[PDB]
């Protein structure tokens, strides 16, 4: 698909047996999701955005589905104001910027 940028590029994702709305964010290095349970081991991490840093839990090797496209990667879980799909997963679905 081709997604325009007149409004926020929000998509439905499937993660940890849940459906969530998330933002396709080329400015995010990492994928960051609001509080939820994920299986497996995790370690703490600090990530910095515009307003400073937040503490998140880092889960590795998590399968996500974005627009029928399956991918696997690290997912950070914490107090993000919006669920964000970052470059670590955008690359896996073959997402590019075009102009």
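Residue numbers count along the first chain shown, from 1. So that the term is clear: the rigid core is the largest set of C-alpha atoms that superpose within 1.5 Å between two forms.
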Fill in the blank from the handout: The stretch that moves more in 4 other deposited structures of this protein, judged by RMS C-alpha distance from this form after core superposition, 87-95 or 14-22, is 14-22
Completion exercise
The stretch that moves more in 4 other deposited structures of this protein, judged by RMS C-alpha distance from this form after core superposition, 43-51 or 28-36, is 43-51
Handout entry: Per the entry, higher mean C-alpha B factor between 66-74 and 53-61
Key = 66-74
Practice task
Compare the mean C-alpha B-factor of 24-32 with that of 39-47 as given in the PDB entry, and name the stretch with the higher value.
Solution key: 39-47
Exercise for the section: Can you work out whether the C-alpha temperature factor of residue 79 puts it in the lowest, middle or highest third of the chain? Expected result: middle
Completion exercise
Quick tally, chain-level thirds of C-alpha B-factors: residue 89 sits in the lowest
